[PDB]
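Beneath this line is the structure, given in structure tokens, with notes to follow.
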Amino acid sequence: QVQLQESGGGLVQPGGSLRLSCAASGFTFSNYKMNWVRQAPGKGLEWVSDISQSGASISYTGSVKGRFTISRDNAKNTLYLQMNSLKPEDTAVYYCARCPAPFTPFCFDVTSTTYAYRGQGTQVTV
Amino acid sequence: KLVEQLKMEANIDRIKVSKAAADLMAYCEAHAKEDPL
Amino acid sequence: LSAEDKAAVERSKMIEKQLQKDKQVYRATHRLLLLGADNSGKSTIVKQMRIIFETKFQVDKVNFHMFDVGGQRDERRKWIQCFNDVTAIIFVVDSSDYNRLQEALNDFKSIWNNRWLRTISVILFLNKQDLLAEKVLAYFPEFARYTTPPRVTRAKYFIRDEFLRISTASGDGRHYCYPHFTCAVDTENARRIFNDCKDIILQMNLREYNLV
Amino acid sequence: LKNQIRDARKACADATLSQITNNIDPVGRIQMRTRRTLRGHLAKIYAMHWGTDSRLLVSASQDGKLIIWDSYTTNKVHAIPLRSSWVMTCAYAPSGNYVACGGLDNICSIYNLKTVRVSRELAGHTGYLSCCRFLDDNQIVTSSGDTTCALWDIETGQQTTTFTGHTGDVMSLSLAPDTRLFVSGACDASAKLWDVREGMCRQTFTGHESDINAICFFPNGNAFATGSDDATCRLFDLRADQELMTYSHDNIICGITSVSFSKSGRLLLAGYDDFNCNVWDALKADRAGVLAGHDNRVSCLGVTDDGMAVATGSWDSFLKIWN
Amino acid sequence: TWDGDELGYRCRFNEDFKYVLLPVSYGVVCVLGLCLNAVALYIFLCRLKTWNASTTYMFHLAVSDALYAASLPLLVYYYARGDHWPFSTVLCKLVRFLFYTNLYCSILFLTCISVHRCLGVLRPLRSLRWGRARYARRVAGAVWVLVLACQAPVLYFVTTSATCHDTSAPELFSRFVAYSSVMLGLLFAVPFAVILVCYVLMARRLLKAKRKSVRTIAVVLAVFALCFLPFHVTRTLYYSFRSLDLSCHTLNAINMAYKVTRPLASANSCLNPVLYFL
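Put into structure tokens, the structure is as follows:
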């Protein structure tokens with residue numbers, strides 16, 4: 001049973017930095033490509049980051065390019081999303097999502113409105 | 001509804017894995033003479 | 001060898017004849033998949049309709065079949081595998097909405113690098129170009145410095161260049177991408193689809209004949 | 001309270017099938033040679049289902065033609081055209097005089113070939129239909145991609161119940177030998193045992209890592225095996241309410257697309273996406289002879305009711321009656 | 001050739017050295033052709049499930065080339081152990097007729113492949129519209145019937161004289177020259193023109209991966225021309241375009257051009273299956 005939970009993002013002032021960590025359990029954490037995802041008040045589900053199972057292949061969305069850092073660690077099933085430049089409109093919600101299939105970089109519903117391998121999501125405010 | 005279903009199914013009657021394993025052994029040892037594979 | 005057996009073989013041969021006729025009439029039609037966001041004028045590209053909502057149109061006496069799937073939920077990771085023998089994926093993009101454009105880029109990136117669609121070429125329509133012109137004449141940090149290889153030209157070619165970079169990041173000879181700058185009042189889209197599909201079939205034939 | 005259920009299932013997990021099965025006469029290398037290869041389909045195959053007579057079987061392909069074979073002589077019997085070119089299911093009636101299909105367009109078209117055009121069309125789903133299996137020639141359990149199965153009725157044409165318990169898309173269901181229960185493997189990495197009469201889930205087996213593309217019941221009806229996109233098939237026991245054996249082997253990265261049981265329930269014939277189906281020992285968790293005879297992906301699988309043959313359709317447009 | 005011998009007696013420049021190297025070249029052509037064609041036959045039949053017009057033609061002329069390879073050892077022995085002592089007159093009759101029908105099959109099937117490929121590269125959509133497929137077998141049977149029915153005069157003309165004369169006879173040499181000219185102009189000049197127009201058309205449309213395709217195209221056309229034009233021009237230039245003239249430096253040229261171009265005419269026979277399956 002896949003179950004992802006995240007913590008460490010409730011509230012931070014616009015200046016400073018914030019660290020997000022998404023814990024992974026119930027599956028092998030070296031075959032799946034993990035993406036981070038956001039929501040907005042009364043809006044759709046965005047897309048932010050990505051990192052391949054190998055360890056070094058990082059994609060990004062334009063808005064947060066250059067001010068967000070993502071890292072994943074194997075042998076300790078968890079994800080990370082370092083945020084060291086906070087802006088008011090990037091502080092709605094930060095889900096954690098996994099690409100459906102292993103040994104495959106093809107992810108299609110990582111931002112679907114009703115996804116199955118997505119974390120409960122951690123509320124983020126600024 | 002999810003918690004309701006979890007509560008409903010958490011009180012289900014479960015038996016030891018060994019019993020089901022032995023049931024499968026009996027089945028696939030009794031019917032092994034009539035499967036042409 | 002019997003009474004019913006010979007009739008059965010005759011029925012089988014008749015069914016084979018109908019199957020052969022259907023094969024002859026089937027490979028001649030180039031099925032097309034239409035994939036566009038809600039805001040994008042993917043229906044406006046169908047606003048030029050010429051005879052799930054199929055729209056069968058023929059140019060120069062060769063038939064194109066267009067399929068757009070909208071009755072399904074937004075979890076197109078298992079019903080898109082059905083669209084594996086589609087001749088080309090007509091990815092329609094709204095080029096005006098800058099905010100929603102990143103979602104279109106990500107969707108195109110997912111379509112491009114897919115395992116099952118690794119051999120499907122994509123026809124990219126960046127329609128509502130008139131809206132783009134109106135917006136520029138009246139988001140992306142990559143626009144700080146950029147030279148086209150007026151300002152509306154710079155903007156449209158910037159969007160096209162972003163899409164092309166996404167296409168060529170994992171590009172290969174198996175499948176190509178054909179950008180276009182569609183307008184809401186353009187009727188030549190059929191010709192553009194025709195030329196793109198012609199080149200796609202030409203490259204498929206070149207691969208088959210081992211000329212490459 | 002999911003942890004409570006996990007602990008309860010752990011408590012009854014006092015023995016392991018691999019350990020219990022440590023001393024049994026193994027099944028030798030199974031040499032299944034392609035007996036027949038039925039050709040005539042324009043495009044790749046998507047689904048099929050052996051008839052009750054053990055010979056006639058149906059196949060539905062991308063080309064938009066639903067075709068009925070005769071595996072003994074290979075002489076076709078029917079080629080019913082489709083109202084939609086996209087279909088991903090095939091249903092056979094226990095009587096053998098009804099055939100169903102469906103897919104995108106969300107319609108479970110049902111044909112009456114005991115005159116062959118249409119007898120009903122079930123139009124209640126809001127997502128692509130995945131798998132439909134005839135119940136009694138008058139009720140047709142039907143999955144769908146809108147995360148809900150359904151028990152239909154031919155005469156009324158409307159759902160008799162609705163099994164809206166899943167979270168992801170439903171991919172495959174398998175009716176019990178008793179025709180009283182059935183399961184459904186969804187895309188949320190779970191598989192729920194439903195009740196036909198009660199119309200409510202009775203158990204959930206959340207023991208997978210990704211989608212579940214196929215599912216089948218044990219011949220006795222007290223277990224079922226699932227095929228995932230983790231390239232691992234797992235065997236679940238209804239009574240023990242937990243996984244028994246996982247058929248996962250290294251050097252296998254392609255996810256399963258079909259699973260079926262043998263007549264004695266000894267060999268799990270699982271059709272993979274790695275160009276070649278496999279044969280797994282049901283109770284030994286060991287690989288028997290591989291069945292590699294397809295140049296494309298394997299998209300379906302069906303073991304005859306009497307167990308005399310196993311057919312493995314694939315994406316090369318050919319059905320092969322192994323044996 | 002009664003006059004060819006005469007001059008070979010007069011010019012006295014007929015080197016056996018080259019007559020005795022001809023059999024080893026023939027045997028090499030035979031063995032490599034047998035190997036490559038056996039590999040291609042096995043692949044196409046017992047290791048392939050998808051067939052199209054191009055593959056149909058490739059396999060379906062590779063069978064002919066394998067038959068010609070299998071019949072080559074008769075000629076290698078004919079030329080190797082001793083000069084002109086065949087097992088039977090009918091045997092060498094069959095060998096010669098098989099050589100000619102193999103040459104014209106290679107020409108016709110290669111130009112059919114070329115026409116099909118040009119139809120596929122020039123107008124792909126409309127070419128697929130009318131279904132080029134399902135007609136490869138018909139065109140193939142047509143060309144087989146054509147060559148088999150049209151090479152019967154080759155069978156009847158050739159006869160031994162003790163030996164297995166390349167030409168017909170002094171009495172029938174006029175009809176032989178007429179027949180050879182007709183066969184040239186019909187089954188080489190027209191197919192050669194067809195393949196030339198075809199391949200230049202695709203070259204022009206491609207130049208408008210492209211470099212590799214043009215390279216392959218030049219290689220294929222060069223192979224066809226190099227391995228068929230020399231023999232076909234040489235035979236005509238040797239039969240009648242030379243009559244009374246006895247310039248040896250040139251006669252030997254014309255003659256041994258013919259003799260050593262016969263193996264050079266068999267070259268692409270063995271070289272085609274590989275070039276077209278790889």
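Chains as they are written, first to last, in the numbering used here: chain X, 1 to 126; chain D, 1 to 37; chain U, 1 to 212; chain S, 1 to 323; chain C, 1 to 278.
Backbone N, C-alpha and C fix where the C-beta goes; we use that ideal spot for every residue, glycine too.
Minimum Cβ-Cβ distance from U/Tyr-26 to chain C less than 7 Å: In the third sequence, residue 26 of chain U corresponds to position 26, counting from 1. When Cβ-Cβ separations below 7 Å define contact, U/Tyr-26 makes no contact with chain C.
Beta-carbon proximity check, S/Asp-169 vs S/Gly-207, cutoff 7 Å: Residue numbering aside, residue 169 of chain S sits at position 169 when the fourth sequence is read from its first letter. Residue numbering aside, residue 207 of chain S sits at position 207 when the fourth sequence is read from its first letter. At a Cβ-Cβ threshold of 7 Å, S/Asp-169 and S/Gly-207 do not count as neighbours.
Residues bridged to S/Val-170 [DSSP beta-bridge criterion]: To locate residue 170 of chain S, count along the fourth sequence from 1; it is residue 170. Beta-bridge partners assigned by DSSP to S/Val-170: S/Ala-186.
When S/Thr-16, S/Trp-69, S/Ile-24 and S/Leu-173 are compared against residue 328 of chain S, the one with the closest alpha-carbon: No answer is possible for residue 328 of chain S: the residues shown for chain S start at 1 and end at 323.
Limits of the beta strand (DSSP E) - the one that S/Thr-37 falls within: On the fourth sequence, residue 37 of chain S is found 37 positions in, with the first residue counted as 1. In the DSSP annotation of this structure, the continuous segment of the beta strand (DSSP E) that includes S/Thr-37 starts and ends at 36 to 38.
Neighbouring residues, chain U, relative to X/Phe-29 (Cβ below 7 Å): Here residue 29 of chain X corresponds to residue number 29 of the first sequence, with the count starting at 1. Going along chain U, no residue has its Cβ under 7 Å from X/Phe-29, so there is no contact; the nearest lies around 21 Å.
Contact set between the segment 62 to 85 of chain U and chain S, restricted to residues whose Cβ is under 7 Å from the partner: Here the close residues are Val-69, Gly-71, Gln-72, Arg-73, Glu-75, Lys-78, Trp-79, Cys-82 and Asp-85.
Chain X residues whose Cβ lies nearer than 7 Å to that of S/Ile-253: Numbered from 1 along the fourth sequence, position 253 holds the residue referred to as residue 253 of chain S. For S/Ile-253, the C-beta contacts it makes with chain X under 7 Å involve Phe-103, in order along the chain.
Which of helix, strand or coil DSSP assigns to U/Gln-203: For the purposes of this step, residue 203 of chain U is taken as residue 203 along the third sequence, with counting starting at 1. Looking at U/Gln-203 - three-state DSSP - the assignment turns out to be helix.
Any chain U beta carbon closer than 7 Å to C/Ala-140: Counting from 1 along the fifth sequence, the entry for residue 140 of chain C is found at position 140. It does not: the Cβ of C/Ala-140 has no partner Cβ on chain U nearer than 7 Å.
Enclosing alpha helix (DSSP H) for X/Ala-92 [first to last residue]: Start at 1 with the first residue of the first sequence, and residue 92 of chain X comes out as number 92. The continuous stretches of alpha helix (DSSP H) do not include X/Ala-92, and DSSP gives it neither H nor E.
Contact belief for C/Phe-241 with C/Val-154 at Cβ below 8 Å, rounded distance in angstroms: Walking along the fifth sequence from the start, residue 241 of chain C turns up at place 241. Walking along the fifth sequence from the start, residue 154 of chain C turns up at place 154. About 20 Å; that fails the 8 Å criterion.
U/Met-66 and U/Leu-32 closer than 7 Å at C-beta: Within the third sequence, the letter at position 66 stands for residue 66 of chain U. Within the third sequence, the letter at position 32 stands for residue 32 of chain U. Their beta carbons are under 7 Å apart, which means U/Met-66 touches U/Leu-32 by this criterion.
For D/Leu-24, the nearest candidate out of S/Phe-217, S/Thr-204 and S/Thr-304 (CA to CA): Locating residue 24 of chain D in the second sequence gives position 24, where the first residue counts as 1. In terms of CA proximity to D/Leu-24, S/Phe-217 leads the group S/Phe-217, S/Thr-204 and S/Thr-304.
Residues sharing a beta bridge with S/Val-279, DSSP: The count along the fourth sequence starts at 1 and reaches residue 279 of chain S at position 279. S/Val-279 is bridged to S/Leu-269.
Limits of the unbroken beta strand (DSSP E) element including U/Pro-179: Within the third sequence, numbered from 1, the residue matching residue 179 of chain U stands at position 179. Where U/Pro-179 is concerned, the enclosing beta strand (DSSP E) stretches over 177 to 180.
Pair within 7 Å by beta-carbon distance, S/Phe-205 and S/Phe-236: As a position in the fourth sequence, residue 205 of chain S is number 205, starting the count at 1. As a position in the fourth sequence, residue 236 of chain S is number 236, starting the count at 1. Cβ atoms of S/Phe-205 and S/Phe-236: closer than 7 Å.
Among C/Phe-231, C/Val-90 and C/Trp-144, nearest to C/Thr-163 - alpha-carbon criterion: Counted from its first residue, the fifth sequence places residue 163 of chain C at position 163. If we check each option's Cα against that of C/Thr-163, C/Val-90 comes out closest.
Given U/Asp-161 as reference, the closest of U/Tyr-146, U/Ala-37 and U/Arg-100 once Cα atoms are compared: Along the third sequence, read from residue 1 onward, the residue named residue 161 of chain U stands at position 161. Taking U/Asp-161 as reference, the option from U/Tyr-146, U/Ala-37 and U/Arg-100 with the minimal CA-CA separation is U/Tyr-146.
Residue interval of the alpha helix (DSSP H) (run including S/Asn-3): Translated into positions along the fourth sequence, residue 3 of chain S becomes position 3. 2 to 11 is the span of the alpha helix (DSSP H), which, as asked, contains S/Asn-3.
7 Å Cβ cutoff, X/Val-2 in contact with chain S: Your numbering for residue 2 of chain X matches position 2 in the first sequence. X/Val-2 belongs to the set of residues whose beta carbon lies under 7 Å from a beta carbon in chain S.
Counted within 10 angstroms of its Cβ, other Cβ atoms place S/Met-245 as buried (16 or more) or exposed: Numbered from 1 along the fourth sequence, position 245 holds the residue referred to as residue 245 of chain S. Note on S/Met-245: 16 or more other CB atoms within 10 angstroms of its CB, so buried under the neighbour-count rule.
S/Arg-202: first and last residue of the uninterrupted beta strand (DSSP E) it sits in: Sequence index remark: in the fourth sequence, residue 202 of chain S carries index 202 (1-based). Note, S/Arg-202: premise wrong, no beta strand (DSSP E); not H, not E.
Pair within 7 Å by beta-carbon distance, U/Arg-192 and U/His-180: On the third sequence, position 192 is the one that residue 192 of chain U refers to. On the third sequence, position 180 is the one that residue 180 of chain U refers to. Yes, these two residues count as a Cβ contact at 7 Å.
Residue range of the alpha helix (DSSP H) that includes C/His-249: Here residue 249 of chain C corresponds to residue number 249 of the fifth sequence, with the count starting at 1. It spans 248 to 277 - the alpha helix (DSSP H) in which C/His-249 sits, taken as one unbroken run.
Chain D contacts from the segment 230 to 247 of chain S (Cβ-Cβ distance under 8 Å): Listed in sequence order: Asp-237, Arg-239, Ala-240, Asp-241, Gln-242 and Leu-244.
Per-residue contacts from D/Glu-9 into chain S (C-beta, under 8 Å): Taking the first residue of the second sequence as 1, we reach residue 9 of chain D at position 9. The answer, in chain order, is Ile-5, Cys-201, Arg-202, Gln-203 and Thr-204.
S/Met-48 (DSSP reduced to helix, strand or coil): Looking up residue 48 of chain S in the fourth sequence gives position 48. In the three-state reduction of the DSSP assignment, S/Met-48 falls in the strand class.
Expected contact under 8 Å - CB spacing of D/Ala-30 and S/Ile-20 to nearest Å: Numbered from its first residue, the second sequence carries residue 30 of chain D at position 30. Numbered from its first residue, the fourth sequence carries residue 20 of chain S at position 20. Not quite, the Cβ-Cβ distance comes to about 17 Å (not below 8 Å), so this is no contact.
contact_flag[the segment 285 to 294 of chain S, the segment 251 to 265 of chain S] where n(CB pairs < 8 Å) is 3 or more: Look at the beta carbons and you see the segment 285 to 294 of chain S not touching the segment 251 to 265 of chain S: under three pairs across the two are nearer than 8 Å.
Minimum C-alpha distance to C/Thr-101 - residue among C/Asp-65, C/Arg-129, C/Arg-235 and C/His-116: Your numbering for residue 101 of chain C matches position 101 in the fifth sequence. The shortest C-alpha separation from C/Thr-101 is found at C/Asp-65.
Start and end residues, beta strand (DSSP E) containing S/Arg-120: Residue 120 of chain S sits at position 120 when you count from the first residue of the fourth sequence. It is not in any beta strand (DSSP E) - S/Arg-120 carries neither H nor E in the DSSP assignment.
Proximal residues of chain X, C-beta to C-beta of S/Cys-187 below 7 Å: Within the fourth sequence, the letter at position 187 stands for residue 187 of chain S. The CB of S/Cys-187 comes closer than 7 Å to the CB of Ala-116 in chain X, given here in chain order.
Continuous alpha helix (DSSP H) assignments of at least 4 residues falling wholly in the segment 101 to 144 of chain C: List check, alpha helix (DSSP H) in window: 124 to 129.
Cβ-based neighbour list, D/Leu-37, same chain, cut-off 8 Å, excluding 5 preceding and 5 following: Numbered from 1 along the second sequence, position 37 holds the residue referred to as residue 37 of chain D. Nothing meets the Cβ criterion.
Cutoff 7 Å: S/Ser-264 Cβ touching any chain D Cβ: For the purposes of this step, residue 264 of chain S is identified with residue 264 of the fourth sequence, where counting begins at 1. Closer than 7 Å to some Cβ of chain D, the Cβ of S/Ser-264 qualifies, so yes.
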